[PDB]
Every structure is written in structure tokens, then in C-alpha cells.
Ligand SMILES: *[C@@H]1O[C@H](CO)[C@@H](O)[C@H](O)[C@H]1NC(C)=O
Ligand SMILES: *[C@@H]1O[C@H](CO)[C@@H](O)[C@H](O)[C@H]1NC(C)=O
């Protein structure tokens, strides 16, 4: 005659290892990284021996032992998230009794409590299989969920191996992150998020988009993690082998890096990064987009020859930080970086020395030519130099060789692909029907900001005959031209992306990567894995 069947009393059945204040605007008030979740039960058997023994069972393995007996309560620690079956067991001299199981959710940024992401392969995306063994990466921007309507559930995930999340900002006010003042509302936004937080620690530029904004699958009022991070958690559960990296910096956010000559700040940075990774477990390492060591970035008042040395010390300590994290986590972390393809910026850093600590070098072989000049027109992301300009040194090919010349091993170089277009308007005074010899009166009409056009748009407008398509066979780069208004646009397409693929394969490079994922209709990513020799 075992004791009576226990009846649990209702308490909340959702707990969080990492807690998120779904109503905060600062980062310190937003997230609490805890080491374990506190789970509490309350049960009751009417008229029972209170000296009976009692156990709480999560998925039929024991988590708590006591007496309880009749009308009892138990609290305990759980260190790994998931969806559990909770049972309270009573025990006397004859046998045991169990209660009807109830499901609880221990949430963790692991994604353990979540189902796999439900993704979309819309548009011209065809499913591939990562048989190449080569890197196929793409950038996902944080702000892409507002007027772009590109949530994480729209990423064609079977066609990537790595995924870069842009961007992770670094705390700091006046002087430290002045580059954000160029973009409306951004500086004020970071300052809100970094309020009460020491400068030179990592944070989140937009807490709403990252963790609070309701997207597909995460609409509930009681979802601990939502937004982009929420869906990124659902992604590691769809494709566990898909590397998801956080990108720190970028063009308008790289300003604080120039202060890392200071031992004190660089150690505080690396520290906050370590916690950042423990706080957000779906990440698989660190990506550093310092633009650029030495200068020539957004801020004209920042830069130093000594920057090249601090770049090599930052990666040495970041690697060590990840090493002693692998120790504790038992996991592997990738350390990567997006560097310039300009030889004048490559010079500053000894990448042959930095490569010891790194895995992947995202060679930004794009943005060579743009609307920031009226009379220097050219190819933005061409492979080689054009016929009319043989001594062009800002090409994909030249930069790679220049980087290889340092002593960098080719397996670590990941060539960049442009999923967008840089353009001009009012091109005039050109010769031989070659618009690049002409000059422009301004930037072309842009998709979001003028001077930049999404490939999605370009491809559509070509099929409507609103453009003239030309392909430079020598430089391996397409462009479109409208003789009337004098509009000229540089970009990458299917053809040139394949040739970047052949180049990587022939020269035994690392693979390809694209900026940005939402500017594609599926044609360039397809060219990316056909060119790298993937399977369909
Ligand atoms: C291009 O030309 C227009 C008018 O000639 C001028 O307003 C603009 O500042 C120029 N842009 C650059 C980058 O020189
Ligand atoms: C374009 O601008 C440059 C500026 O130095 C000038 O030398 C050149 O003649 C211009 N080309 C035309 C076709 O006006």
C-alpha cells in the first residue's frame, strides 16, 4: 500500500537560466546572466504521512530528494535548459506513488527550450548541400527587420555555413563613438543601451529588435527570448553546424577600437566579450570588423601606425579568452575578421602574425569604387583590373596576392561578394561608349540610401528593360547603364560570383561571403554555392 497519488499545485512552469526584462532599454537592466534556474514545486496529498519520502523527477531523472509527504514544497537548481516532464514521487515502506506529469520550460539562450526554426526558401533560392567543404557566409543586419521586412526566418539557411550578425556596438559617448552621430538617432540609441554601463564593453545597439520585437514563432507574451536573438536560437536547433558569429564594429561602429592601445580598455573589452558569449550561447565565437587599423575609416581624426600591433594583440587575447572558454563550455569557438582589400590598409597589419590566432579572414573585396567621388568611376568588386585601367590595385585579385605576399596561408582567406550596387547619375563626357571614363553629377537613386541599390531591384529592373546590361570580360564584373539619364551602377551578379568561386577553388582559398543577405533575390547566393562546387 504505497502513499496517495500527489496532486501538484499550479505555479508558473516557465523558468530562465538567462533572464530578460522584456521592458528595458538599457543593457544592464535588460539581461541577467544566471548560472542556473530555480525551479519550485508545490504538491498535496490529502491525509498522508508527512514523514514519507519525496522526490521531484525531471524526465525521470532525480533532481531533488526530501520528505514532503503530505502538503509539501521543493526548490532546486537546473543548469541546462529544455522542455521537461515534471513528476513528484512519494515513498513509503511498501512502494512509490507518482503524480501526473506537467511540462515546464527551462529557458536558456542555448535554444534548448525551442523548436527548430521554420525557414523560407522563397524567390529564386534553390536548396543546396554543403558538400564543398568551403566557407559560404553572409551578413545579417540587426535593423533589417523594420522597413526591409527581412526577419531571421527568411534566411535561406541550407545554403550557408557561417552567418555574421551585424552589428555589436561598443559602449562610449562623445569622442569614443562619434561616427554614430552621422546616422540619425543611432548615437542616442547606443547611449540609451549603454546607460549605466562602463565604456568599452560590448552591448546591443537595439534591444527591441534583438530580443523584444515579436517575430514568427515568438509572439507569446511569456517568451523569454524574442527578436533576432530569439530566432537565431531557433536556428542552431535547425542547423546545429551553421556557425553564427557576432560582428563587433562595422563602418559606423569601429571608432572605439582605436583606444585599445590602452591595456586597461582592451582587457575590459575582451572580458565583456567573454560574458557576452556566456550570456548568449547560440553564438559560436567572435567576429571583429575593425575598419580600419591605421585609419581611413569613418572617423577622419582617428588612426595610427601603431594600430597594426594592437590588432595582433587584440586577437591574441581574444583567442586566449576563447581557449579558456572552451575549457569551461567544452565547445569550439571561431575567431574571424572582416578586413579591407585595399593594399594601403593591408600594410598596416601583419596578418601573417595575426593568422596564428584566427580561422577565417573575411576579405572585403567590395566597395572599391562608389558615389563618394564624381570623377573616379570604376569597378566596385571586380576580380581583376579593367582593360582601360591595367594598373588598378583596388581589385579582388591584387589584394589577395598582396595579402598572400605577407605570408598568409590561402585556406584562411574568404573572398567577398557584393549583393548590392554602387552607382552614379548624370555620367557625361565619356569616350568609346565607356561610361567609366566620364564624370557624374551625383549618386544614383538608391533603394534605402542613395548611391546604393539592392541586387533584388537591379535584377528586376533589368528584366523590365529599364537598363543596359554589360559584362566586362577582362575585369569579370557586370554593370548597368542608362544613356538617357546617364545612370551607371556597379555590382556583382550570377556570372561574376561564379568566377569568384572558380578563383577561390583554383587558388585554394577559403570560400565566399556576401554583404548583405537581404539585398538578394536568391540569384547571387545560388551562384555562390554553384561556384564553390556545392550540390543541389
Ligand atoms: C558631385 O557634383 C555635384 C554637382 O556637380 C556636387 O554637388 C557634389 O558635391 C559632388 N560630389 C562629390 C562627391 O564630389
Ligand atoms: C572629370 O573630372 C576630372 C577632374 O580632374 C577632369 O580632369 C576631367 O577632364 C573630367 N572629365 C570630363 C569628361 O569632363
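When we count neighbours, we look across all protein chains shown, and the Cβ atoms used for this are built from the backbone with ideal geometry, even at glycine. Read-outs throughout are calculated quantities, based only on the coordinates presented, and are distinct from any laboratory measurement.
Work out the FRET efficiency for residue 391 and residue 433 from their Cβ-Cβ distance, taking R0 = 25 Å, and round it to the nearest 0.05. So the FRET efficiency works out to roughly 0.65.
Can you work out D for region 142-219 in µm² s⁻¹ from Stokes-Einstein, where Rh is the Kirkwood radius over C-alpha pairs, the temperature is 4 °C and the viscosity is 1.567 mPa s?
Values: Rh = 14.2 Å.
Translational D for this selection: 91 µm²/s.
How high is the relative contact order of region 419-494, in percent, counting Cα pairs under 8 Å that sit 6 or more residues apart?
Numbers: 145 pairs, mean separation 26.8, N = 76.
Reported as a whole number, the value is 35 percent.
Between residue 61 and residue 449, the modelled label-to-label distance comes to 5.0 nm, taking each label 7 Å out from Cα in the direction of the beta carbon.
Expressed in nm to one decimal, what extension gain is obtained for the pair residue 237 and residue 23 from 0.36 nm per residue of sequence separation less their Cα-Cα distance? Mind dumping the intermediate values first?
Details: separation 214, 0.36 × 214 = 77.04 nm, distance 2.67 nm.
Full extension from residue 237 to residue 23 adds 74.4 nm.
The ranking of 14, 441, 109 by Cβ neighbour count inside 10 Å, starting from the fewest, reads 441, 14, 109. Ordering of 50-60, 344-354 by packing is 344-354, 50-60, highest average first (other Cβ atoms within 10 Å, averaged per residue).
Using bins of 5 Å that start at zero, the share of Cα-Cα pairs per bin across region 419-494 amounts to 4, 16, 29, 28, 17, 6, 0, in whole %.
Please compute the length gained on full extension between residue 51 and residue 329, using 0.36 nm multiplied by the number of residues separating them and subtracting their Cα-Cα distance. All intermediate terms of the calculation are to be shown ahead of the outcome.
On the way: separation 278, 0.36 × 278 = 100.08 nm, distance 4.05 nm.
Stretched fully, the residue 51-residue 329 segment lengthens by 96.0 nm.
Helices in the chain, meaning DSSP H runs of at least 4 residues, each add -39500 (n - 2.57). Divided by all residues, the mean residue ellipticity at 222 nm is -6000 deg cm²/dmol.
Kirkwood Rh and Cα-based Rg: tell me the resulting Rg over Rh for region 224-328, rounded to two decimals.
Details: Rg = 15.4 Å, Rh = 15.1 Å.
When Rh is taken as the Kirkwood radius, the ratio is 1.02.
Within region 187-218, whose backbone N sits under 20 Å from a point 7 Å along Cα→Cβ of residue 271? Backbone N within reach: 194-204. A straight chain from residue 251 to residue 40 at 0.36 nm per residue would run longer than the Cα-Cα distance by 71.2 nm.
Ratio of region 359-473's C-alpha Rg to 2.2 N^0.38 Å, to two decimals?
Values: Rg = 15.7 Å, N = 115, 2.2 N^0.38 = 13.4 Å.
Relative to the 2.2 N^0.38 Å estimate, region 359-473 comes out at 1.18.
The distance from the alpha carbon centre of region 1-42 to that of region 520-536 is 44 Å, rounded to a whole number.
Round to the nearest 10 and give me the degree value, 0 to 90, for the angle of helix 263-279's Cα axis relative to the longest principal axis of the chain. Tilt relative to the chain: about 60 degrees.
Sorted by mean Cβ packing within 10 Å, highest first, what order do the peptides 240-250, 32-42 take? Kindly include the intermediate steps, with their values, before the conclusion.
Details: 240-250: 20.2, 32-42: 15.5.
Going from most to least packed, we get 240-250, 32-42.
Within region 1-106, the proportion of Cα pairs with more than 17 Å between them is 54 percent. Its alpha carbons give the chain an Rg and a Dmax of 27.0, 101 Å.
Out of all DSSP beta bridges with both ends in the chain, state the antiparallel percent to the nearest 5. Please list the in-between numbers first.
Details: 54 of 92 bridges.
Expressed as a percentage, antiparallel bridges in the chain total about 60.
Would you please give the FRET efficiency between residue 79 and residue 120, computed as 1/(1 + (r/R0)^6) with r the Cβ-Cβ distance and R0 = 41 Å, to the nearest 0.05?
Working: r = 35 Å, r/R0 = 0.84.
Plugging the Cβ-Cβ distance into 1/(1 + (r/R0)^6) gives 0.75.
In this structure, residue 507 and residue 96 have a Cβ-Cβ separation that, at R0 = 56 Å, corresponds to a calculated FRET efficiency of about 0.25. Separation of region 432-478 from region 356-421 is 19 Å, based on Cα centroids. Relative contact order for the chain: 12 percent, from Cα pairs under 8 Å spaced at least 6 residues apart, divided by residue count.
Using Cβ contacts closer than 10 Å as the measure, can you line up 503, 225 from fewest to most?
Taking fewest neighbouring Cβ atoms as first place, the list is 503, 225.
Principal-axis analysis of the Cα atoms of the chain puts helix 227-236 at an angle of about 80° to the longest axis. Label zone (residue 296, point 7 Å along Cα-to-C-beta; backbone nitrogen cut-off 17 Å) within region 385-420: 391-406.
Ranked by how many other Cβ atoms sit within 10 Å of their own Cβ, fewest first, the residues 419, 358 fall in the order 358, 419.
If you average over every viewing direction, what projected area does the convex hull of the Cα atoms of region 55-157 give, in nm²?
Details: hull surface 47.3 nm².
Averaging across all directions leaves 11.8 nm² for the Cα convex hull.
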